[PDB]
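Trainee: Contents of coords-v1.cif (mmCIF, C-alpha atoms and all ligand atoms) are below:
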```
data_data
#
loop_
_atom_site.label_atom_id
_atom_site.label_comp_id
_atom_site.auth_asym_id
_atom_site.auth_seq_id
_atom_site.Cartn_x
_atom_site.Cartn_y
_atom_site.Cartn_z
CA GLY S 3 0.00 0.00 0.00
CA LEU S 4 1.01 3.71 -0.24
CA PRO S 5 3.12 5.25 2.56
CA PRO S 6 0.60 6.97 4.88
CA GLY S 7 0.70 10.81 4.99
CA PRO S 8 1.31 12.92 8.14
CA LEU S 9 -1.31 13.13 10.96
CA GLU S 10 -4.19 15.55 10.13
CA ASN S 11 -4.29 16.37 13.91
CA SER S 12 -0.77 16.13 15.51
CA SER S 13 -1.90 17.38 19.01
CA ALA S 14 -0.90 15.71 22.31
CA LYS S 15 -3.67 13.21 23.29
CA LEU S 16 -4.15 10.16 25.56
CA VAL S 17 -2.81 7.15 23.54
CA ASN S 18 -3.08 4.72 26.53
CA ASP S 19 -6.88 4.90 25.93
CA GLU S 20 -9.82 2.41 26.13
CA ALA S 21 -9.26 1.18 22.50
CA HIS S 22 -5.45 0.62 23.04
CA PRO S 23 -5.09 -1.24 26.39
CA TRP S 24 -1.76 -2.92 27.25
CA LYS S 25 -1.99 -6.77 27.13
CA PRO S 26 0.68 -9.37 27.96
CA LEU S 27 2.13 -11.63 25.23
CA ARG S 28 0.12 -14.70 24.09
CA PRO S 29 2.05 -17.77 22.83
CA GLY S 30 3.47 -16.89 19.36
CA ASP S 31 3.39 -13.07 19.97
CA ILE S 32 6.67 -11.56 18.63
CA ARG S 33 8.56 -8.66 20.30
CA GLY S 34 12.05 -7.58 19.16
CA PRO S 35 14.82 -4.98 19.62
CA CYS S 36 12.64 -1.84 19.19
CA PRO S 37 10.79 -0.70 22.36
CA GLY S 38 8.71 1.75 20.23
CA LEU S 39 7.30 -0.91 17.90
CA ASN S 40 7.07 -3.40 20.87
CA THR S 41 4.89 -0.89 22.83
CA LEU S 42 2.62 -0.17 19.80
CA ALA S 43 2.12 -3.97 19.35
CA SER S 44 1.44 -4.50 23.13
CA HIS S 45 -1.23 -1.67 22.95
CA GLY S 46 -2.86 -2.97 19.71
CA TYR S 47 -1.67 0.06 17.60
CA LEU S 48 0.01 -2.76 15.64
CA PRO S 49 -1.30 -6.34 15.44
CA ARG S 50 -0.50 -7.81 18.91
CA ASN S 51 1.46 -10.78 17.35
CA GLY S 52 4.15 -8.25 16.13
CA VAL S 53 3.73 -8.99 12.37
CA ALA S 54 2.69 -5.84 10.42
CA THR S 55 2.60 -4.15 6.99
CA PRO S 56 4.80 -1.04 6.45
CA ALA S 57 1.57 1.09 6.27
CA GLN S 58 0.45 -0.34 9.68
CA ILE S 59 3.90 0.48 11.20
CA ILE S 60 3.92 4.10 9.80
CA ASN S 61 0.31 4.70 10.98
CA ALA S 62 1.22 3.14 14.41
CA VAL S 63 4.36 5.27 15.13
CA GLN S 64 2.52 8.49 14.04
CA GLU S 65 -0.79 7.75 15.88
CA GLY S 66 0.81 6.26 19.07
CA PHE S 67 3.95 8.45 19.53
CA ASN S 68 3.73 11.37 16.99
CA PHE S 69 6.78 10.00 15.08
CA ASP S 70 7.23 12.38 12.10
CA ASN S 71 6.20 11.18 8.61
CA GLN S 72 9.65 11.49 6.86
CA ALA S 73 11.42 9.49 9.64
CA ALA S 74 8.59 6.88 9.84
CA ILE S 75 8.80 6.31 6.04
CA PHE S 76 12.63 6.07 5.92
CA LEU S 77 13.03 3.66 8.90
CA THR S 78 9.99 1.48 8.00
CA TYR S 79 10.92 0.85 4.29
CA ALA S 80 14.63 0.38 5.23
CA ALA S 81 13.62 -2.29 7.81
CA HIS S 82 11.10 -3.91 5.37
CA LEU S 83 13.60 -4.01 2.43
CA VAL S 84 16.27 -5.90 4.48
CA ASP S 85 14.05 -7.84 6.99
CA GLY S 86 10.44 -7.96 5.60
CA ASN S 87 8.65 -10.13 3.00
CA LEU S 88 8.40 -7.82 -0.06
CA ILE S 89 5.77 -10.11 -1.77
CA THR S 90 3.47 -10.53 1.32
CA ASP S 91 4.12 -6.88 2.48
CA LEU S 92 4.68 -8.24 6.05
CA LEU S 93 7.53 -7.51 8.54
CA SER S 94 8.22 -9.22 11.90
CA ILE S 95 9.16 -6.62 14.59
CA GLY S 96 11.22 -9.49 16.14
CA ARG S 97 12.19 -13.09 15.26
CA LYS S 98 11.95 -14.80 11.86
CA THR S 99 8.39 -16.20 11.54
CA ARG S 100 6.54 -18.31 8.93
CA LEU S 101 3.75 -15.66 9.46
CA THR S 102 5.56 -13.26 6.98
CA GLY S 103 4.75 -15.98 4.38
CA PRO S 104 6.75 -17.92 1.73
CA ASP S 105 10.44 -16.80 1.74
CA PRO S 106 12.35 -15.30 -1.22
CA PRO S 107 15.53 -17.13 -2.36
CA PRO S 108 18.80 -16.71 -0.39
CA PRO S 109 20.78 -14.64 0.22
CA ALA S 110 17.60 -12.73 1.37
CA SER S 111 16.94 -13.75 5.04
CA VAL S 112 13.50 -12.13 5.89
CA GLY S 113 14.78 -12.60 9.50
CA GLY S 114 12.61 -9.84 11.06
CA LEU S 115 14.05 -6.90 13.08
CA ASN S 116 16.00 -9.54 15.13
CA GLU S 117 18.23 -10.09 12.01
CA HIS S 118 21.76 -8.93 13.03
CA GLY S 119 23.66 -6.52 10.77
CA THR S 120 20.76 -5.53 8.39
CA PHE S 121 18.95 -2.92 10.58
CA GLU S 122 19.63 -4.21 14.14
CA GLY S 123 23.24 -3.59 15.31
CA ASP S 124 25.84 -3.35 18.08
CA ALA S 125 26.07 -0.87 21.02
CA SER S 126 22.29 -0.93 21.67
CA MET S 127 21.36 0.69 25.05
CA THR S 128 19.19 -2.08 26.65
CA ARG S 129 19.89 -5.02 24.22
CA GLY S 130 23.19 -6.98 23.96
CA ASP S 131 25.39 -7.27 20.85
CA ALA S 132 24.51 -10.36 18.71
CA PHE S 133 28.05 -11.73 19.48
CA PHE S 134 27.01 -12.23 23.18
CA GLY S 135 24.04 -14.48 22.18
CA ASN S 136 20.91 -12.20 22.35
CA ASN S 137 20.37 -8.95 20.32
CA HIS S 138 16.60 -8.56 21.06
CA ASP S 139 15.58 -9.27 24.74
CA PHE S 140 15.49 -6.51 27.38
CA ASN S 141 18.77 -6.73 29.40
CA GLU S 142 18.35 -5.75 33.11
CA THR S 143 22.15 -5.16 33.59
CA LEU S 144 22.26 -2.79 30.54
CA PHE S 145 19.05 -1.03 31.70
CA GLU S 146 20.62 -0.58 35.21
CA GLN S 147 23.59 1.13 33.43
CA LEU S 148 20.98 3.36 31.64
CA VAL S 149 19.54 4.22 35.14
CA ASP S 150 23.14 4.88 36.42
CA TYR S 151 23.89 7.22 33.43
CA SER S 152 20.50 8.99 34.05
CA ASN S 153 21.38 9.40 37.78
CA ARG S 154 24.90 10.73 36.87
CA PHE S 155 24.17 12.99 33.81
CA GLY S 156 20.37 13.59 33.96
CA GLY S 157 19.54 14.04 37.70
CA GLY S 158 17.59 10.70 37.66
CA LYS S 159 15.99 11.39 34.21
CA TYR S 160 17.13 10.23 30.72
CA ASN S 161 17.81 13.31 28.53
CA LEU S 162 20.05 14.17 25.51
CA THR S 163 23.05 14.77 27.89
CA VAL S 164 22.57 11.15 29.20
CA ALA S 165 22.10 9.93 25.57
CA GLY S 166 25.50 11.48 24.63
CA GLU S 167 27.36 9.75 27.49
CA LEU S 168 25.57 6.35 27.27
CA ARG S 169 25.88 6.17 23.42
CA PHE S 170 29.70 6.62 23.80
CA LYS S 171 29.91 4.14 26.77
CA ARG S 172 28.06 1.40 24.77
CA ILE S 173 30.43 1.94 21.76
CA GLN S 174 33.50 1.67 24.12
CA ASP S 175 31.94 -1.49 25.76
CA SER S 176 31.50 -3.20 22.30
CA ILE S 177 35.11 -2.17 21.28
CA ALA S 178 36.47 -3.72 24.52
CA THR S 179 34.37 -6.97 24.46
CA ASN S 180 32.98 -7.71 20.90
CA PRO S 181 35.79 -8.80 18.49
CA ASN S 182 33.16 -8.53 15.67
CA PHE S 183 31.93 -5.00 16.69
CA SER S 184 30.66 -3.13 13.55
CA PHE S 185 29.72 0.61 13.67
CA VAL S 186 29.51 1.70 9.99
CA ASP S 187 26.98 3.08 7.46
CA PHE S 188 23.31 2.40 8.46
CA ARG S 189 24.03 1.27 12.08
CA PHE S 190 26.38 4.29 12.67
CA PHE S 191 23.46 6.63 11.69
CA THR S 192 20.49 4.84 13.36
CA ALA S 193 22.42 4.11 16.65
CA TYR S 194 22.72 7.91 17.32
CA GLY S 195 19.08 8.67 16.27
CA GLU S 196 17.77 5.86 18.57
CA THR S 197 19.36 7.46 21.73
CA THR S 198 17.13 10.63 21.20
CA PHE S 199 13.84 8.68 20.77
CA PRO S 200 13.22 8.07 24.53
CA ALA S 201 13.78 11.80 25.30
CA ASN S 202 11.60 12.92 22.31
CA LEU S 203 8.82 10.23 22.22
CA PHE S 204 8.62 8.38 25.63
CA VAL S 205 8.14 11.72 27.52
CA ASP S 206 4.43 12.46 28.26
CA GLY S 207 3.35 15.07 25.64
CA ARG S 208 1.81 17.38 28.34
CA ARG S 209 5.41 17.98 29.62
CA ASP S 210 7.52 17.36 26.45
CA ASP S 211 10.54 18.52 28.57
CA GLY S 212 12.94 15.84 27.17
CA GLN S 213 13.32 14.43 30.75
CA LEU S 214 12.26 10.73 30.72
CA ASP S 215 11.67 9.32 34.26
CA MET S 216 12.96 5.76 35.02
CA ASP S 217 9.47 4.29 35.80
CA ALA S 218 8.33 5.37 32.28
CA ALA S 219 11.73 4.22 30.83
CA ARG S 220 11.44 0.67 32.31
CA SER S 221 7.71 0.41 31.32
CA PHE S 222 8.63 1.05 27.63
CA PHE S 223 12.10 -0.65 27.47
CA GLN S 224 11.17 -3.83 29.48
CA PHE S 225 7.35 -4.24 29.36
CA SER S 226 6.40 -2.58 26.02
CA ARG S 227 3.85 -0.68 28.17
CA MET S 228 2.80 2.99 28.08
CA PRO S 229 2.45 4.65 31.50
CA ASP S 230 -1.14 4.90 32.84
CA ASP S 231 -2.62 8.05 31.18
CA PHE S 232 0.34 8.39 28.71
CA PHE S 233 -0.12 11.35 26.29
CA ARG S 234 1.86 11.17 23.02
CA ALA S 235 4.20 14.11 22.16
CA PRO S 236 2.40 17.38 21.18
CA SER S 237 3.98 17.62 17.67
CA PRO S 238 5.65 15.36 15.04
CA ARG S 239 9.37 14.59 15.78
CA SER S 240 12.00 11.83 15.61
CA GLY S 241 15.73 12.49 16.06
CA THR S 242 15.78 16.26 16.92
CA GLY S 243 18.78 16.77 19.29
CA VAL S 244 20.91 13.94 17.71
CA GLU S 245 23.44 16.81 17.14
CA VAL S 246 23.95 17.03 20.98
CA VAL S 247 24.52 13.20 21.24
CA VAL S 248 27.19 13.33 18.43
CA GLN S 249 28.89 16.54 19.72
CA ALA S 250 29.30 14.85 23.21
CA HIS S 251 31.81 12.26 21.81
CA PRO S 252 32.33 12.50 18.03
CA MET S 253 33.19 9.03 16.60
CA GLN S 254 34.39 7.91 13.12
CA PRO S 255 32.63 4.82 11.67
CA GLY S 256 34.66 1.60 11.93
CA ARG S 257 34.80 -1.94 13.27
CA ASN S 258 36.90 -4.25 15.42
CA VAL S 259 38.98 -6.40 12.99
CA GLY S 260 38.28 -9.87 14.53
CA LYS S 261 39.85 -9.01 17.95
CA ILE S 262 38.74 -6.81 20.90
CA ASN S 263 40.37 -3.32 21.13
CA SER S 264 41.16 -3.12 17.36
CA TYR S 265 38.59 -0.45 16.29
CA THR S 266 39.67 0.44 12.72
CA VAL S 267 38.11 3.43 10.84
CA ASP S 268 36.41 2.45 7.52
CA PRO S 269 37.01 5.25 4.94
CA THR S 270 34.46 3.50 2.61
CA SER S 271 31.71 4.08 5.27
CA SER S 272 29.27 7.01 5.15
CA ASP S 273 29.31 9.40 8.15
CA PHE S 274 27.25 12.51 9.10
CA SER S 275 29.25 14.45 6.43
CA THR S 276 27.94 12.06 3.66
CA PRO S 277 24.23 11.35 4.42
CA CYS S 278 23.38 10.66 0.71
CA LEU S 279 26.21 8.02 0.63
CA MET S 280 24.52 6.15 3.56
CA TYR S 281 21.32 5.97 1.40
CA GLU S 282 23.31 4.97 -1.76
CA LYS S 283 25.26 2.19 0.06
CA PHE S 284 22.06 0.90 1.78
CA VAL S 285 20.40 0.43 -1.68
CA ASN S 286 23.41 -0.48 -3.91
CA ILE S 287 25.16 -2.86 -1.43
CA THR S 288 22.85 -4.01 1.46
CA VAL S 289 19.48 -4.40 -0.42
CA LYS S 290 21.19 -5.49 -3.71
CA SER S 291 23.35 -8.13 -1.87
CA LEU S 292 20.09 -9.67 -0.42
CA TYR S 293 18.36 -9.60 -3.89
CA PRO S 294 21.18 -9.73 -6.51
CA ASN S 295 19.10 -11.27 -9.42
CA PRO S 296 15.40 -10.82 -8.45
CA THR S 297 12.60 -12.52 -10.46
CA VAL S 298 10.12 -10.11 -12.21
CA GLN S 299 7.59 -9.98 -9.27
CA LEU S 300 10.33 -9.48 -6.56
CA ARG S 301 12.01 -6.82 -8.79
CA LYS S 302 8.64 -4.95 -8.98
CA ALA S 303 8.13 -5.17 -5.16
CA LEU S 304 11.79 -4.03 -4.61
CA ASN S 305 11.42 -0.98 -6.95
CA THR S 306 8.09 0.03 -5.25
CA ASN S 307 9.59 -0.21 -1.69
CA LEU S 308 12.81 1.59 -2.91
CA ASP S 309 10.63 4.49 -4.29
CA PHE S 310 8.85 4.55 -0.86
CA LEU S 311 12.29 4.50 0.91
CA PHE S 312 13.45 7.53 -1.17
CA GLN S 313 10.36 9.55 0.00
CA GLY S 314 11.90 9.26 3.53
CA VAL S 315 15.40 10.45 2.37
CA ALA S 316 16.20 14.15 3.11
CA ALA S 317 15.98 16.48 0.04
CA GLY S 318 19.38 17.04 -1.69
CA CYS S 319 20.06 13.31 -2.41
CA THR S 320 19.71 11.71 -5.90
CA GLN S 321 17.61 8.48 -6.05
CA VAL S 322 19.63 5.38 -7.15
CA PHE S 323 18.13 2.53 -9.26
CA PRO S 324 19.89 -0.84 -8.71
CA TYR S 325 17.17 -2.70 -10.78
CA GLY S 326 16.67 0.17 -13.29
CA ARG S 327 13.35 2.04 -13.78
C1 LIG G 401 9.29 3.85 12.40
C2 LIG G 401 9.68 2.57 12.36
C3 LIG G 401 10.65 2.01 13.33
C4 LIG G 401 11.48 0.98 13.03
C5 LIG G 401 11.46 0.21 11.71
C6 LIG G 401 12.32 0.76 14.16
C7 LIG G 401 13.34 -0.21 14.20
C8 LIG G 401 14.27 -0.33 15.22
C9 LIG G 401 15.23 -1.38 15.35
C10 LIG G 401 15.43 -2.57 14.43
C11 LIG G 401 15.93 -1.13 16.49
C12 LIG G 401 17.04 -1.99 17.03
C13 LIG G 401 18.36 -1.32 16.65
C14 LIG G 401 19.38 -1.75 17.65
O1 LIG G 401 19.47 -1.17 18.77
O2 LIG G 401 20.16 -2.67 17.35
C15 LIG G 401 15.43 0.05 17.06
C16 LIG G 401 15.87 0.57 18.25
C17 LIG G 401 15.14 1.49 18.94
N1 LIG G 401 13.94 2.03 18.60
FE1 LIG G 401 12.96 1.75 16.99
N2 LIG G 401 12.03 1.67 15.12
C18 LIG G 401 11.01 2.44 14.70
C19 LIG G 401 10.37 3.50 15.36
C20 LIG G 401 10.67 3.86 16.66
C21 LIG G 401 9.88 4.71 17.48
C22 LIG G 401 8.62 5.41 17.03
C23 LIG G 401 10.51 4.75 18.73
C24 LIG G 401 10.11 5.44 19.97
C25 LIG G 401 8.87 5.89 20.16
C26 LIG G 401 11.65 3.91 18.65
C27 LIG G 401 12.51 3.71 19.69
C28 LIG G 401 13.64 2.87 19.60
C29 LIG G 401 14.68 2.84 20.64
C30 LIG G 401 14.73 3.62 21.93
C31 LIG G 401 15.61 1.96 20.25
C32 LIG G 401 16.90 1.62 20.97
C33 LIG G 401 16.81 0.41 21.88
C34 LIG G 401 18.13 0.24 22.57
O3 LIG G 401 19.21 0.63 22.04
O4 LIG G 401 18.14 -0.25 23.72
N3 LIG G 401 11.70 3.37 17.40
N4 LIG G 401 14.40 0.54 16.29
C1 LIG G 402 -7.19 17.17 17.91
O1 LIG G 402 -7.10 16.14 18.89
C2 LIG G 402 -7.25 16.65 20.22
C3 LIG G 402 -6.92 15.59 21.24
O2 LIG G 402 -7.82 14.49 21.10
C4 LIG G 402 -8.67 17.16 20.39
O3 LIG G 402 -8.83 17.66 21.73
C5 LIG G 402 -8.96 18.24 19.36
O4 LIG G 402 -10.35 18.58 19.44
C6 LIG G 402 -8.60 17.76 17.95
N1 LIG G 402 -8.67 18.85 16.97
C7 LIG G 402 -9.56 18.87 15.98
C8 LIG G 402 -9.43 19.99 14.98
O5 LIG G 402 -10.43 18.02 15.84
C1 LIG G 403 23.22 -8.56 29.73
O1 LIG G 403 24.39 -7.77 29.56
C2 LIG G 403 25.43 -8.11 30.49
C3 LIG G 403 26.60 -7.16 30.30
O2 LIG G 403 26.69 -6.88 28.90
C4 LIG G 403 25.88 -9.55 30.26
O3 LIG G 403 26.85 -9.96 31.24
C5 LIG G 403 24.69 -10.49 30.31
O4 LIG G 403 25.09 -11.81 29.93
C6 LIG G 403 23.60 -9.99 29.37
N1 LIG G 403 22.47 -10.90 29.34
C7 LIG G 403 21.79 -11.28 30.42
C8 LIG G 403 21.14 -12.62 30.23
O5 LIG G 403 21.76 -10.71 31.52
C1 LIG G 404 19.99 16.59 31.57
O1 LIG G 404 19.75 16.75 32.97
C2 LIG G 404 20.84 17.37 33.66
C3 LIG G 404 20.53 17.39 35.17
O2 LIG G 404 19.24 17.97 35.41
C4 LIG G 404 21.11 18.76 33.10
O3 LIG G 404 22.29 19.35 33.65
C5 LIG G 404 21.28 18.75 31.58
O4 LIG G 404 21.29 20.10 31.11
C6 LIG G 404 20.12 17.99 30.94
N1 LIG G 404 20.25 18.00 29.49
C7 LIG G 404 19.24 18.28 28.65
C8 LIG G 404 19.58 18.30 27.19
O5 LIG G 404 18.09 18.51 29.03
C1 LIG G 405 24.81 3.34 -6.80
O1 LIG G 405 24.58 2.94 -8.14
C2 LIG G 405 24.23 4.07 -8.94
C3 LIG G 405 23.64 3.60 -10.26
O2 LIG G 405 24.60 2.81 -10.96
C4 LIG G 405 25.49 4.93 -9.09
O3 LIG G 405 25.22 6.10 -9.87
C5 LIG G 405 25.97 5.36 -7.71
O4 LIG G 405 27.25 6.01 -7.78
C6 LIG G 405 26.09 4.17 -6.77
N1 LIG G 405 26.41 4.61 -5.42
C7 LIG G 405 27.25 3.94 -4.61
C8 LIG G 405 27.39 4.50 -3.23
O5 LIG G 405 27.85 2.91 -4.92
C1 LIG G 406 14.64 9.84 7.58
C2 LIG G 406 16.12 10.02 7.75
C3 LIG G 406 16.80 10.43 6.48
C4 LIG G 406 18.30 10.27 6.51
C5 LIG G 406 18.93 9.81 5.22
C6 LIG G 406 19.68 10.90 4.47
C1 LIG G 407 15.07 8.90 12.39
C2 LIG G 407 16.06 9.95 11.95
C3 LIG G 407 17.11 9.43 10.99
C4 LIG G 407 18.02 8.36 11.55
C5 LIG G 407 18.81 7.62 10.51
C6 LIG G 407 19.59 8.53 9.58
CL CL G 408 5.01 14.28 10.29
MG MG G 409 21.25 -3.96 18.62
#
```
Rewrite the structure of this file - the entire thing - as structure tokens.
Ligand code: HEM
Ligand SMILES: *[C@@H]1O[C@H](CO)[C@@H](O)[C@H](O)[C@H]1NC(C)=O
Ligand SMILES: *[C@@H]1O[C@H](CO)[C@@H](O)[C@H](O)[C@H]1NC(C)=O
Ligand SMILES: *[C@@H]1O[C@H](CO)[C@@H](O)[C@H](O)[C@H]1NC(C)=O
Ligand SMILES: *[C@@H]1O[C@H](CO)[C@@H](O)[C@H](O)[C@H]1NC(C)=O
Ligand SMILES: CCCCCC
Ligand SMILES: CCCCCC
Ligand SMILES: [Cl-]
Ligand SMILES: [Mg+2]

Mentor:
Amino acid sequence: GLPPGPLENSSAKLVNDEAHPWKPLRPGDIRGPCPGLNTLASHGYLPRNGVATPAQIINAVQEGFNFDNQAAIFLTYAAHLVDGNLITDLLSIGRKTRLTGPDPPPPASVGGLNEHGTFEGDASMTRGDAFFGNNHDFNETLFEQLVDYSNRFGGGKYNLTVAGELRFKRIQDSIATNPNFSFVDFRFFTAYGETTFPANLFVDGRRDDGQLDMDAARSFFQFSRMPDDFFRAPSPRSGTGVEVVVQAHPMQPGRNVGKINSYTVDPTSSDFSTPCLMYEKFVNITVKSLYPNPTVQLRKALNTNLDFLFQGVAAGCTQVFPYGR
């Protein structure tokens, strides 16, 4: 279906309402590495089993959290292209599931958001690196470090100052402990953006002060649960303030080279100075590597989702066509 348009009415409102009650997981219900999508599924803004169309996801993040249209479109079609079923139009917000329907040929994985190294990546705040055995479950130890960083840099609250320090700490942790640590291209970009989302979107919209309390933080991060009487943000936003997180500890993109403490800058990687290159590499390398020689119906689905992806890309970039026009 078409990418949904922006909200007609973007006002703060109760989103923990009678039609969107929190419910616990039933057997087969899928939750993954994204606390935003997890919460929308656990409140029935998405299907509660955690399998959704891109249009459902875009409508969910806008209606539930006032995620802005451009950011919703970019992230959703990126995730769908590398992790979703392009024929069925279904994406798992977590583990690989037969519920996304018959699989395309390898090397395409359709592994859901749990798929390491497509969208999901290292130095997550409350999820472990894939190397340590679990890239998707809430980690209490990592959350306790989030609380500690909030206590130290945020006076008990998670804010952009806390985001800047924790983002850097998680990178340094992965460099020290994950011999396979990768922090390039798409992950480099999204890892910074993600640290702003709690401050911008998990803060009750009646306050919108960028100060996330730890009761609200645990409710979202661990239980996929909006606070009682949660109001969504009062205006559309996504990553506003990412500049403060970067400026706190500017990092070059790079990877460990098969050993801990071997972080090596990748001059082939995009960085914040080459945003269009991040888009071009995502399409020409990541998507193309998953679908090198697509059949006619997969090629059509790819080109449609790649057009949709480009709608989410900031003006100034040229669209690239790996399967022609
Ligand atoms: C619009 C479509 C969205 C997609 C496709 C998406 C996808 C993802 C994925 C795959 C991750 C895991 C990346 C990683 O840490 O390895 C992630 C992380 C995250 N997402 Fe989402 N997301 C979306 C929207 C949102 C929204 C609306 C929010 C908040 C309201 C949000 C909050 C977060 C946060 C806080 C994390 C970081 C978790 C952590 O590092 O502990 N996302 N997102
Ligand atoms: C927008 O939504 C808010 C919150 O529900 C509501 O109070 C307001 O009346 C709505 N505005 C319009 C123009 O309907
Ligand atoms: C959570 O993260 C900590 C530190 O990274 C790690 O020791 C632990 O194994 C992870 N998983 C669980 C199951 O607590
Ligand atoms: C985070 O909170 C601390 C302590 O209240 C404060 O010094 C800092 O300015 C805050 N940062 C932001 C961006 O609100
Ligand atoms: C992507 O491929 C297009 C079309 O061939 C080309 O113009 C562009 O330079 C490529 N970009 C990258 C980053 O390889
Ligand atoms: C929606 C984010 C756009 C960034 C890519 C240039
Ligand atoms: C959601 C804002 C853009 C993050 C990736 C460039
Ligand atoms: Cl918007
Ligand atoms: Mg991760």

Trainee: When the cut-off is 10 Å and you count only C-alpha atoms and all ligand atoms, which residues lie near ligand LIG 406 (chain G), shown as a count of residues only?

Mentor: 33

Trainee: What does the structure give for the distance between atom CA of residue S:128 and atom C14 of ligand LIG 401 (chain G), in Å to one decimal?

Mentor: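 If I compute the distance from atom CA of residue S:128 to atom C14 of ligand LIG 401 (chain G), I get 9.0 Å.
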
Trainee: Find the residue from S:15, S:208, S:45, S:154 that sits nearest to ligand LIG 402 (chain G); use only C-alpha atoms and all ligand atoms when measuring.

Mentor: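 Among S:15, S:208, S:45, S:154, it is S:15 that comes nearest to ligand LIG 402 (chain G).
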
Trainee: Wanna dump the chain S-ligand LIG 405 (chain G) contacts at 12 Å for me, each residue with its shortest atom pair and the distance in Å to one decimal, counting all atoms listed in the file, ordered by chain and number, as a Markdown table?

Mentor:
```
| residue | atom | partner | partner_atom | distance |
| --- | --- | --- | --- | --- |
| S:187 | CA | G:LIG405 | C8 | 10.8 |
| S:270 | CA | G:LIG405 | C8 | 9.2 |
| S:271 | CA | G:LIG405 | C8 | 9.5 |
| S:272 | CA | G:LIG405 | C8 | 8.9 |
| S:276 | CA | G:LIG405 | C8 | 10.2 |
| S:277 | CA | G:LIG405 | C8 | 10.7 |
| S:278 | CA | G:LIG405 | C8 | 8.3 |
| S:279 | CA | G:LIG405 | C8 | 5.4 |
| S:280 | CA | G:LIG405 | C8 | 7.6 |
| S:281 | CA | G:LIG405 | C8 | 7.8 |
| S:282 | CA | G:LIG405 | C8 | 4.4 |
| S:283 | CA | G:LIG405 | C8 | 4.5 |
| S:284 | CA | G:LIG405 | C8 | 8.2 |
| S:285 | CA | G:LIG405 | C1 | 7.4 |
| S:286 | CA | G:LIG405 | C1 | 5.0 |
| S:287 | CA | G:LIG405 | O5 | 7.3 |
| S:288 | CA | G:LIG405 | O5 | 10.7 |
| S:289 | CA | G:LIG405 | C1 | 11.4 |
| S:290 | CA | G:LIG405 | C1 | 10.0 |
| S:319 | CA | G:LIG405 | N1 | 11.2 |
| S:320 | CA | G:LIG405 | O3 | 8.8 |
| S:321 | CA | G:LIG405 | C2 | 8.5 |
| S:322 | CA | G:LIG405 | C2 | 5.1 |
| S:323 | CA | G:LIG405 | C3 | 5.7 |
| S:324 | CA | G:LIG405 | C3 | 6.0 |
| S:325 | CA | G:LIG405 | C3 | 9.0 |
| S:326 | CA | G:LIG405 | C3 | 8.3 |
| S:327 | CA | G:LIG405 | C3 | 11.0 |
```

Trainee: Given the choices S:196, S:231, S:309, S:142, which gets closest to ligand LIG 401 (chain G) if the distance is worked out from only C-alpha atoms and all ligand atoms?

Mentor: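 Going through S:196, S:231, S:309, S:142 one by one, the smallest distance to ligand LIG 401 (chain G) is for S:196.
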
Trainee: Could you list the protein, DNA and RNA residues that have any atom within 12 Å of ligand CL 408 (chain G), counting only C-alpha atoms and all ligand atoms, and write them as a PyMOL selection string?

Mentor: chain S and resi 6-13+60-61+63-65+67-75+235-240+314

Trainee: Select, from S:181, S:46, S:66, S:109, the residue with the minimum atom-to-atom distance to ligand LIG 401 (chain G), counting only C-alpha atoms and all ligand atoms.

Mentor: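 Looking only at the distances to ligand LIG 401 (chain G), the closest residue turns out to be S:66.
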
Trainee: At a cut-off of 12 Å and counting only C-alpha atoms and all ligand atoms, what residues surround ligand LIG 404 (chain G)? Please answer as a PyMOL selection string.

Mentor: chain S and resi 151-167+198+201-202+210-215+242-247+250

Trainee: Which residue gives the smallest distance to ligand MG 409 (chain G) among S:62, S:81, S:127, S:21, with only C-alpha atoms and all ligand atoms counted?

Mentor: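 Among the listed residues, the smallest separation from ligand MG 409 (chain G) belongs to S:127.
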
Trainee: If you count all atoms listed in the file, which residues fall within 6 Å of stretch 129-140 of chain S, apart from same-chain ones fewer than 3 positions away, as JSON, numbers by chain?

Mentor: {"S": [34, 35, 124, 126, 224]}

Trainee: Could you write out that same residue set with C-alpha atoms as a CSV table (one decimal), in the coordinates of the input?

Mentor:
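Contents of again-v1.csv, freshly written:
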```csv
chain,number,residue,atom,x,y,z
S,34,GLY,CA,12.0,-7.6,19.2
S,35,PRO,CA,14.8,-5.0,19.6
S,124,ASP,CA,25.8,-3.4,18.1
S,126,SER,CA,22.3,-0.9,21.7
S,224,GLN,CA,11.2,-3.8,29.5
```

Trainee: Return the single residue from S:197, S:14, S:178, S:95 that is closest to ligand LIG 402 (chain G), with distances computed using only C-alpha atoms and all ligand atoms.

Mentor: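 Closest to ligand LIG 402 (chain G) of all the choices is S:14.
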
Trainee: Can I get the residues close to ligand LIG 403 (chain G) as a PyMOL selection string, where close means within 6 Å and we count all atoms listed in the file?

Mentor: chain S and resi 130+141+143-144

Trainee: List every protein, DNA or RNA residue that has at least one atom no more than 10 Å from (15.5, -14.6, 3.0) in the file's coordinates, counting all atoms listed in the file, and write the result as number ranges by chain.

Mentor: S: 84-87, 98, 104-114, 292-293

Trainee: Looking at S:209, S:25, S:118, S:33, which one is nearest to ligand LIG 401 (chain G), with distances taken over only C-alpha atoms and all ligand atoms?

Mentor: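 Among the listed residues, the smallest separation from ligand LIG 401 (chain G) belongs to S:118.
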
Trainee: So how far away is atom CA of residue S:52 from atom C2 of ligand LIG 402 (chain G), in Å?

Mentor: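 Atom-to-atom, atom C2 of ligand LIG 402 (chain G) to atom CA of residue S:52, that is 27.7 Å.
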
Trainee: When you draw a straight line from atom CA of residue S:82 to atom CA of residue S:122, how long is it in Å?

Mentor: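 Here the two named atoms are 12.2 Å from each other.
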